[PDB]
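Okay, here's what each chain looks like letter by letter:
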Amino acid sequence: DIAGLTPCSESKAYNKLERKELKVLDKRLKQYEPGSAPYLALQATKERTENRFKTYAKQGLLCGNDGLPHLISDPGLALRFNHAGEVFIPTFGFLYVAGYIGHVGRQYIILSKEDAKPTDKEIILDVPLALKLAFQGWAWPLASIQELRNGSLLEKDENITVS
Amino acid sequence: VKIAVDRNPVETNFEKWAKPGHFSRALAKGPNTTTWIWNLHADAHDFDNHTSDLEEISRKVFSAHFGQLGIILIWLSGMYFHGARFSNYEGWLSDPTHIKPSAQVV
Amino acid sequence: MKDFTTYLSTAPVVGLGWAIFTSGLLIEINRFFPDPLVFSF
Amino acid sequence: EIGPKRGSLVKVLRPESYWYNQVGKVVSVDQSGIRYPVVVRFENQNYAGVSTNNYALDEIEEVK
Amino acid sequence: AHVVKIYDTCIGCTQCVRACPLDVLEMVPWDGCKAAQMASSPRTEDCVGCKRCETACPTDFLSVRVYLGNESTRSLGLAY
Amino acid sequence: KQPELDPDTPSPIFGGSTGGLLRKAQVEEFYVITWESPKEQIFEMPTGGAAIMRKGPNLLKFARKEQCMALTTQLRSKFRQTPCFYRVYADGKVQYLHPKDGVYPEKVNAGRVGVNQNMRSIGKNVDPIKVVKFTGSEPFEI
Ligand SMILES: CC1=C(/C=C/C(C)=C/C=C/C(C)=C/C=C/C=C(C)/C=C/C=C(C)/C=C/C2=C(C)CCCC2(C)C)C(C)(C)CCC1
Ligand SMILES: CC1=C(/C=C/C(C)=C\C=CC(/C)=C/C=C/C=C(C)\C=C\C=C(C)\C=C\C2=C(C)CCCC2(C)C)C(C)(C)CCC1
Ligand code: SF4
Ligand code: SF4
């Protein structure tokens, strides 16, 4: 009912599109015998296509006048409803993974600034060090906030500028 | 005209790989700038830039020739094996007029 | 062996080992789990 | 006896210099007497690829 | 023509002269450490402005900067 | 003693080319170079091909000034030979340029006084304020 959109089960265009896809698949599915390989391939394709169309319509995702699904990205409209998975939790999942990556890369590039000729370590990596740091970053929100309160990430204005 | 080769001119070892840009003494010192990588790539084959030893240059060229023909032969073998394992070559052969050639299945 | 393991820290390693791991993981997740476009809830 | 101890690292304050506010060890503070006595040495290259430079003593300052 | 300047930031490496293609600048007395030379631009009627002398000057920042000015037969490298 | 230009000087054996020697060389100027060249030898021309050169001082000439500085530098490169330059205007007046010091401007000669320079750190120049005159490109001291 939000934005004039209707749940995607009551969309005549959505079901018409599903029927269209199934007809287009079957018209060239009827070209092969039930025993050959291409026939089984088309059978499995139709299987997961029907599965596409069935599994989407659960917990509610709005389809518009076109019958296609439309993602709701506002927190608050995903709340007070059931749309928190459209894009609200994927945001936090990507933030977690991107943190993880940046944290690991930063701690690597910092721990390499101490040894002689660090440039080599950037073309010939320290594989065991990278593997160790790769399996230690999945608590980075804890380490990031308290390393921020710490101050070990703010450079005290000792860099090259021109102005 | 005769044959003239040398025995064990360069010992086989994985050391010179650990120092990219060895063929260019200017590059072998170290990558202090990101241009080092691009010069490594743009000069690996520049045999006459490595050193003025035209003997070594001719050896490098005569080796890179086999290096290319090996890839050529693996390419032809890959084409033949695609035609062999997964393709309609028998179907095409029994009816070439309408059946179309296909040798790649996703 | 030693120089070989040292050589295995360059483009022909992670950047290949990496992104091969990642392509494989993503393809397997999209294969076992066929067509996701929204989270479970 | 004029400039900083040799081997002691110091920063730069030449406003127009590639190396600015970052530290670099001194090669040899010119004791013979000249307007740019302190010769500082840097490991990272510049746009021109030079590693060293000489600066005035009114420009360099202490360590971090 | 091309207004060429030489600042006090100089070591007298004698490189911006064995690199200049038009023999425009000279090196006369300077009180240095080992070589003791300083560059100077006594004449500019033949300077084309190729900025080849600015590439070899190792001074940071550069000792010579070519202030681009007006063009002529010499400044446009015209054999016609 | 800086030597001055001398006409009627022999030339090296060469066929021809299509470089320089245009209307500019007749009504505006032409440049001249002279150098020793002992041990008759083969050299390359900057606006042509290869040529031979007798022993004893021989003189050449081209269109642009760099076309002769290139030869002077070449001569530095291989065997220690010491050429010179000359200028020519429309009135026929001749001016000697390289080397005025006789010691190849890269090296100091006993003593002179240069111009177009100021004792100031790099940068630290004047802002566009008070530079409204702008005198083309300012020497900043005149
Ligand atoms: C799937 C999915 C997800 C996510 C995941 C991820 C996390 C991904 C990623 C990824 C990543 C991690 C990425 C990254 C990247 C990067 C890139 C892509 C790049 C690039 C490049 C460029 C292009 C650049 C350029 C440049 C330079 C070089 C410098 C200067 C500037 C310029 C621009 C020029 C989730 C689960 C959440 C949900 C579901 C779906
Ligand atoms: C909810 C949501 C939303 C909304 C939003 C809003 C409302 C806004 C904002 C925003 C913001 C407000 C942002 C910000 C930022 C800030 C800052 C200040 C920053 C930062 C950064 C940092 C701090 C760092 C981090 C890191 C790195 C990068 C390196 C390594 C790792 C680490 C982590 C350390 C949307 C719908 C859209 C989407 C979904 C979700
Ligand atoms: S710009 Fe060129 S011609 Fe002018 S002084 Fe510099 S190097 Fe010589
Ligand atoms: S090239 Fe620069 S530093 Fe060297 S002598 Fe000339 S002006 Fe001085």
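Residues numbered from 1 in each chain as written, not as in the entry; some residues may be left out. Chains lettered and ligands numbered in written order. Part of a larger assembly, values for the part shown. Heavy atoms only, no water.

### Description of the UniProt feature "binding site: [4Fe-4S] cluster 1" (unreviewed entry) in chain E
Residues and elements named next belong to chain E. Cut-off, in case you're wondering: UniProt positions are given in the numbering used here, feature names are shortened, and annotations may be inferred rather than shown by experiment. Numbered from the N terminus, helices here are DSSP runs of H or I no shorter than four residues, and strands are runs of E no shorter than two. Should any heavy atoms of two residues lie within 4.5 Å, those residues are considered in contact. In this scheme, a residue with accessible area under 20% of its type's maximum is buried, one over 50% is exposed, and one in between is partly exposed, where area comes from a 1.4 Å probe on protein chains only.
Per the UniProt entry, the sites bearing "binding site: [4Fe-4S] cluster 1" (unreviewed entry) are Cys-10, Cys-13, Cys-16, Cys-57 and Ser-63 in this numbering. Considering the C-alpha atoms alone, the annotated residues occupy 54 residues of sequence yet fold into one spot, their largest mutual distance being 11.2 Å. Assignment of secondary structure puts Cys-13 in the loop between β1 (3-6) and β2 (26-29). Ignoring any residue separated from it by four or fewer positions in sequence, one finds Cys-13 in contact with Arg-18 and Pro-58. Locating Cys-16 in the fold gives a position in the loop between β1 and β2. Classification of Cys-16 as buried rests on a relative accessible area of 11%. Contacts of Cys-16, omitting those with residues within four sequence positions, involve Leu-25, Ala-39 and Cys-53.

### A short note on the packing of aromatic side chains
Spelled out, the test is: To pair, rings of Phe, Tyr and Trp, with the six-membered ring standing in for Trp, must have centres within 6.5 Å; the planes then decide the type, stacked if under 30 degrees apart, edge-to-face if over 60, and tilted in the middle. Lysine NZ or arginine CZ positioned within 6 Å of the ring centre and within 35 degrees of the ring normal marks a charge as sitting over the ring.
Summed over all chains, the structure comprises 15 aromatic pairs over all chains. Judged by centre distance (5.5 Å) and plane angle (40°), the ring pair of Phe-14 of chain B and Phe-4 of chain C falls under tilted. Taken together, the residues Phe-14 of chain B in the segment before α1 (15-18) and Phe-4 of chain C in helix α1 (residues 2-7) connect one chain to another. The class of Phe-4 of chain C is partly exposed, set by a relative accessible area of 31%. Among the aromatic residues, ring-to-ring pairing joins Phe-14 and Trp-17 of chain B together with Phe-4 and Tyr-7 of chain C into one connected group. Against the face of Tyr-7 of chain E rests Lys-5 of chain E, its NZ or CZ located 5.9 Å from the ring centre.

### Let's talk about the site of ligand 1
All names here are of chain A. To keep things clear, this is the line we draw: By convention in these notes, a residue is near a molecule or strand provided one of its non-hydrogen atoms lies within 4 Å of it. To measure how exposed things are, a 1.4 Å probe is used in the Shrake-Rupley method; for residues, cover is taken only from the protein chains shown. Classification convention: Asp, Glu, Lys, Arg as charged; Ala, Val, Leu, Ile, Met, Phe, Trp, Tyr, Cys, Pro as nonpolar; all other residues, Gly among them, as polar.
Taken together, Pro-90, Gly-93, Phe-94, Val-97 and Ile-101 make up the full set of residues adjacent to ligand 1. In the complex, 17% of the free accessible area of ligand 1, which totals 980 Å², lies under the protein chains. Of the residues in the shell around ligand 1, the class split is four nonpolar, one polar and no charged.

### Details of the state of the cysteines
All names here are of chain A. So the rule is basically this: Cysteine sulfur atoms that pair up within 2.5 Å are treated as a disulfide.
One pass over the full model with this rule turns up one disulfide over all chains. Note that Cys-8 is cross-linked by a disulfide to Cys-63, the S-S spacing being 2.1 Å. Residues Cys-8 and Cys-63 are joined through a disulfide that is left-handed, its torsion about the S-S bond being -75°. With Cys-8 in the loop between β1 (6-7) and α1 (12-29) and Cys-63 in strand β2 (residues 62-63), this residue pair connects regions lying 55 residues apart in the sequence.

### Section: the interface of chain E and chain F
This is how it is decided: Put simply, buried area is the surface a 1.4 Å probe can reach on two separate parts but cannot reach once they are joined, added for both. Definition used for salt bridges: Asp or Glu carboxyl oxygen within 4 Å of a side-chain nitrogen of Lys or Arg. Think of a polar contact as two N or O atoms within 3.5 Å of one another; within protein, one of them needs to be a possible hydrogen donor and the other a possible acceptor, and neighboring residues in sequence only count if both atoms come from side chains.
Between chain E and chain F, the contact holds 39 residues from the first and 37 residues from the second. Across the interface of chain E and chain F, roughly 3200 Å² is buried in total on both sides, 53% from carbon and sulfur atoms. Counting the surface chain E buries against chain F, the share from its top three residues, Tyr-7, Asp-23 and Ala-79 of chain E, is 18%. Between chain E and chain F we count one salt bridge in total. Of the charged contacts in the structure, one is a salt bridge between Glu-29 of chain F and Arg-74 of chain E, with a shortest N-O distance of 3.5 Å. Inspection of the chain E/chain F interface yields 14 residue pairs in polar contact. A breakdown of the residues in the side of chain E that touches chain F according to their chemical character gives 21 nonpolar, eight polar and 10 charged.

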